[PDB]
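Here the structure is laid out as structure tokens; the discussion comes afterwards.
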Amino acid sequence: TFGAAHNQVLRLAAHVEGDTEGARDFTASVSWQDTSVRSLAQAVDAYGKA
Amino acid sequence: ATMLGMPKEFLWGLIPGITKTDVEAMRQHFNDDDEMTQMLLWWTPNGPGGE
Amino acid sequence: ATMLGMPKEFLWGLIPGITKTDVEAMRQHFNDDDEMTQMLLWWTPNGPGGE
Amino acid sequence: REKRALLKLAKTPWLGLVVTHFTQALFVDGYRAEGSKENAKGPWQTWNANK
């Protein structure tokens, strides 16, 4: 929900400053930092194996 | 993937912590010509490999 | 560092017990021409290696 | 005025704790287009310039 709102905000901001491509780019979306509670060792081992 | 020979691209989406947008980003930038990308694509344990 | 190929210099700062001043000291004296430093830089398990 | 003080003693900000717990985990780190690993220059510069 907050990312939909943030994308709306950023598209509006791009529209204000020209940036016609950015204003109409509804496919772009914000990226959130990981909220998973996992140990460093497990995450690194899994991602290295992947 | 190693034993049954499943397509790894389809198995990327089943790994927790990776979304389909990230999968598409990986797909588009998998074979970039940048030196860093090529070294990471050919990364042996004892440093870069390949060319 | 071994698998994902992260730059080891950046990973030095994340190891507990090592501060950024120690990281800078390691950076400055990494490739000293001293025989001891060179032997430690090329240290195989069965004694010094390299030249 | 003696049980009222006890009542004011028993009041604990639980709802504020819940709101703070959920706020601390919601952080935006980038704004990337579809199929791109890089942040969009314009929107992300606008995001950073506004703190």
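Chain lettering (A, B, ...) mirrors the order of the structure tokens, residue numbering begins at 1 for each chain separately, and ligand numbering begins at 1 in order of display.
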
Can you check which residues of chain A have any atom within 12 Å of chain B? Use only C-alpha atoms and format it as a tab-separated table (two decimals) with C-alpha atoms, in the first residue's frame.
chain	number	residue	atom	x	y	z
A	27	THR	CA	5.48	0.04	-14.09
A	28	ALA	CA	8.32	1.47	-11.97
A	29	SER	CA	7.98	0.87	-8.24
A	30	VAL	CA	9.90	1.58	-5.05
A	31	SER	CA	12.13	-1.06	-3.48
A	32	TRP	CA	11.85	-1.90	0.22
A	33	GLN	CA	14.60	-3.24	2.44
A	34	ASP	CA	14.32	-6.79	3.73
A	35	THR	CA	12.11	-7.32	6.78
A	36	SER	CA	12.87	-11.03	7.21
A	37	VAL	CA	14.22	-12.13	10.60
A	38	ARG	CA	16.95	-14.60	9.65
A	43	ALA	CA	21.06	-16.11	4.64
A	46	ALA	CA	21.46	-20.01	1.18
A	47	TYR	CA	22.32	-17.19	-1.22
A	48	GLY	CA	25.77	-18.60	-1.94
A	49	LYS	CA	24.27	-22.02	-2.66
A	50	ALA	CA	21.69	-20.34	-4.91

Superposition output for chain C against chain B, all Cα paired in order, as a JSON list (two decimals) with C-alpha atoms, in the first residue's frame:
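Saved file out.json follows:
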[["chain", "number", "residue", "atom", "x", "y", "z"],
["C", 1, "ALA", "CA", 18.35, -28.30, -10.27],
["C", 2, "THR", "CA", 21.56, -30.31, -9.92],
["C", 3, "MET", "CA", 20.02, -33.80, -9.88],
["C", 4, "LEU", "CA", 16.55, -33.67, -11.47],
["C", 5, "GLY", "CA", 17.75, -31.05, -13.97],
["C", 6, "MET", "CA", 14.95, -28.54, -13.47],
["C", 7, "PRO", "CA", 15.24, -25.21, -15.32],
["C", 8, "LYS", "CA", 16.94, -22.86, -12.88],
["C", 9, "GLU", "CA", 15.08, -19.79, -14.17],
["C", 10, "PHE", "CA", 11.78, -21.26, -12.99],
["C", 11, "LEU", "CA", 13.36, -22.15, -9.64],
["C", 12, "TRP", "CA", 14.50, -18.56, -9.08],
["C", 13, "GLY", "CA", 10.91, -17.50, -8.44],
["C", 14, "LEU", "CA", 10.40, -20.13, -5.73],
["C", 15, "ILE", "CA", 13.30, -18.89, -3.57],
["C", 16, "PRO", "CA", 12.06, -16.74, -0.65],
["C", 17, "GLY", "CA", 13.20, -13.13, -0.65],
["C", 18, "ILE", "CA", 13.13, -12.80, -4.45],
["C", 19, "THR", "CA", 10.08, -11.35, -6.19],
["C", 20, "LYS", "CA", 9.06, -11.68, -9.84],
["C", 21, "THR", "CA", 10.19, -8.12, -10.58],
["C", 22, "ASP", "CA", 13.65, -9.06, -9.30],
["C", 23, "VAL", "CA", 13.47, -12.19, -11.45],
["C", 24, "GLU", "CA", 12.72, -10.05, -14.51],
["C", 25, "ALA", "CA", 15.60, -7.72, -13.61],
["C", 26, "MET", "CA", 17.94, -10.72, -13.34],
["C", 27, "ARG", "CA", 16.66, -12.01, -16.69],
["C", 28, "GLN", "CA", 17.26, -8.71, -18.48],
["C", 29, "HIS", "CA", 20.73, -8.07, -17.02],
["C", 30, "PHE", "CA", 22.02, -11.65, -16.87],
["C", 31, "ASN", "CA", 24.44, -11.36, -19.80],
["C", 32, "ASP", "CA", 25.51, -7.72, -19.64],
["C", 33, "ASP", "CA", 28.84, -6.87, -21.26],
["C", 34, "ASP", "CA", 30.10, -4.99, -18.18],
["C", 35, "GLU", "CA", 33.40, -6.31, -16.85],
["C", 36, "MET", "CA", 31.98, -6.63, -13.33],
["C", 37, "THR", "CA", 28.96, -8.58, -14.57],
["C", 38, "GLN", "CA", 31.15, -10.87, -16.68],
["C", 39, "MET", "CA", 33.52, -11.53, -13.76],
["C", 40, "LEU", "CA", 30.60, -12.33, -11.46],
["C", 41, "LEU", "CA", 29.12, -14.60, -14.13],
["C", 42, "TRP", "CA", 32.42, -16.53, -14.40],
["C", 43, "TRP", "CA", 33.34, -16.44, -10.70],
["C", 44, "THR", "CA", 35.43, -19.41, -9.63],
["C", 45, "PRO", "CA", 36.18, -19.77, -5.90],
["C", 46, "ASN", "CA", 39.79, -18.69, -6.54],
["C", 47, "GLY", "CA", 38.87, -15.45, -8.30],
["C", 48, "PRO", "CA", 37.26, -14.76, -11.67],
["C", 49, "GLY", "CA", 37.37, -17.40, -14.38],
["C", 50, "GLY", "CA", 36.29, -17.58, -18.00],
["C", 51, "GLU", "CA", 38.10, -15.29, -20.41]]

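Neighbours of residue 46 of chain D closer than or equal to 12 Å, with only C-alpha atoms counted and sequence neighbours fewer than 2 positions away skipped, come out as residues 9, 10, 11, 12, 13, 14, 15, 16, 17, 19 and 22 of chain A; 30, 31, 39, 40, 41, 42, 43, 44, 48, 49, 50 and 51 of chain D.
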
Would you save the residues of that selection, restricted to C-alpha atoms, as a PDB file, in the first residue's frame?
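As a result, result_17.pdb now contains:
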ATOM      1  CA  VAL A   9       4.119  10.615  -5.150  1.00  0.00           C
ATOM      2  CA  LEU A  10       7.212  10.065  -7.292  1.00  0.00           C
ATOM      3  CA  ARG A  11       5.245  10.019 -10.554  1.00  0.00           C
ATOM      4  CA  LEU A  12       3.571  13.283  -9.545  1.00  0.00           C
ATOM      5  CA  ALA A  13       6.963  14.776  -8.664  1.00  0.00           C
ATOM      6  CA  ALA A  14       8.359  13.720 -12.041  1.00  0.00           C
ATOM      7  CA  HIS A  15       5.316  15.279 -13.719  1.00  0.00           C
ATOM      8  CA  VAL A  16       5.942  18.553 -11.865  1.00  0.00           C
ATOM      9  CA  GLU A  17       9.564  18.749 -13.084  1.00  0.00           C
ATOM     10  CA  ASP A  19       9.968  14.272 -16.992  1.00  0.00           C
ATOM     11  CA  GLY A  22       8.739   9.283 -15.541  1.00  0.00           C
TER      12      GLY A  22
ATOM     13  CA  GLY D  30      15.457   2.534  -4.092  1.00  0.00           C
ATOM     14  CA  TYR D  31      13.144   3.374  -6.978  1.00  0.00           C
ATOM     15  CA  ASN D  39      17.570   3.620  -9.640  1.00  0.00           C
ATOM     16  CA  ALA D  40      15.757   6.094 -11.868  1.00  0.00           C
ATOM     17  CA  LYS D  41      17.868   9.246 -11.872  1.00  0.00           C
ATOM     18  CA  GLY D  42      15.088  11.832 -11.731  1.00  0.00           C
ATOM     19  CA  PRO D  43      12.659  10.345  -9.207  1.00  0.00           C
ATOM     20  CA  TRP D  44      15.421   9.064  -6.919  1.00  0.00           C
ATOM     21  CA  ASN D  48      16.963  12.179  -1.865  1.00  0.00           C
ATOM     22  CA  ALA D  49      16.858  15.970  -2.274  1.00  0.00           C
ATOM     23  CA  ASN D  50      13.708  16.123  -0.122  1.00  0.00           C
ATOM     24  CA  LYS D  51      15.355  14.065   2.661  1.00  0.00           C
TER      25      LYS D  51
END

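The space between atom CA of residue 4 of chain A and atom CA of residue 21 of chain A spans 18.0 Å.
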
Step one, run DSSP on the backbone; step two, keep only residues of segment 2-40 of chain A assigned to strand (DSSP E); then write them as a compact mmCIF listing (two decimals) with N, CA, C and O atoms, in the first residue's frame.
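The new file selection_17.txt reads:
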# COMPACT_ATOMS: atom_id res chain seq x y z
N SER A 29 8.46 0.95 -9.61
CA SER A 29 7.98 0.87 -8.24
C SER A 29 9.16 1.00 -7.29
O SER A 29 10.31 0.71 -7.64
N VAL A 30 8.86 1.44 -6.07
CA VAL A 30 9.90 1.58 -5.05
C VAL A 30 10.35 0.20 -4.59
O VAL A 30 9.65 -0.81 -4.73
N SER A 31 11.55 0.16 -4.01
CA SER A 31 12.13 -1.06 -3.48
C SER A 31 12.29 -0.92 -1.97
O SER A 31 12.85 0.07 -1.50
N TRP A 32 11.79 -1.91 -1.23
CA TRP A 32 11.85 -1.90 0.22
C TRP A 32 12.98 -2.80 0.71
O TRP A 32 13.32 -3.80 0.07

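Running DSSP on the backbone gives alpha helix (DSSP H) for these residues within chain D: residues 3, 4, 5, 6, 7, 8, 9, 14, 15, 16, 17, 18, 19, 20, 21, 22, 23, 41, 42, 43, 44, 45, 46, 47, 48 and 49 of chain D.
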
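Note that atom CA of residue 25 of chain A and atom CA of residue 34 of chain D are 9.1 Å apart.
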
A straight line from atom CA of residue 39 of chain A to atom CA of residue 19 of chain D spans 24.7 Å

Check: which chain D residues lie within 8 Å of chain B using only C-alpha atoms, as a JSON list (two decimals) with C-alpha atoms, in the first residue's frame:
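Output saved as result_39.json:
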[["chain", "number", "residue", "atom", "x", "y", "z"],
["D", 34, "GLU", "CA", 10.76, -2.46, -14.65],
["D", 35, "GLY", "CA", 13.59, -4.83, -15.51],
["D", 36, "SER", "CA", 16.33, -2.42, -14.39],
["D", 37, "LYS", "CA", 18.87, -2.80, -11.59]]
